[PDB]
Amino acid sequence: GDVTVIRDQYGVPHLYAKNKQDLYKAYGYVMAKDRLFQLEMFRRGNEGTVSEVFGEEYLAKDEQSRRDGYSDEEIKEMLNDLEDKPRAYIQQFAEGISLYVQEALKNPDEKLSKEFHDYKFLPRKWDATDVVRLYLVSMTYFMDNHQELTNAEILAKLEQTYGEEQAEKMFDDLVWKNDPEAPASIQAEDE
């Protein structure tokens, strides 16, 4: 399996492969080659191991990440339930990252970015679960929220101040059940 990589004037890699299995491996490799230290810290974020390199300031962050996260075995079950081709591509993606790691470890002072030298730690091998963790660490941020608790505190204090009747009216104005005048991306009448 062989893949051609073309870098343009901005350094963007354009991969030309003979199949998707090789394509996705080169995918992970060029991304690792360009952003290894960034990938490592994103994985450490999800795994809650940032404090291993950056110290006790990240302890609470690590604890929160593990609190709400999945075990290595739970992610394996998620992978097993995928279709054959996508699972294999995620695996090839991980092996491509792992490939540049091997390459970088054999020549650290040329192929490891200054951050590794400054903070005195190394990159590590990657498996398919680690690739899922790169997705969990960021995509969850746009879905997760505890605003139900903040609203309960708002309503509780408003009730203590204004009584139940007025507090509910104020709450209805702050956090409405619906605003029918809110601009919407689509309209049923437009079909």
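Numbering starts at 1 and runs along the sequence shown.
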Inset, instruction - Return whichever of 21-29 and 168-176 has the greater mean Cα B factor according to the PDB record. - result: 21-29
Inset, instruction - Return whichever of 58-66 and 150-158 has the greater mean Cα B factor according to the PDB record. - result: 58-66
Legend entry - Out of 125, 35, 44, 133, highest CA B-factor residue: 125
Inset, instruction - Identify, among 39, 137, 53, 143, the residue whose C-alpha carries the highest B-factor in the deposited PDB entry. - result: 53
Legend entry - Third of chain Cα B-factors occupied by residue 12: middle
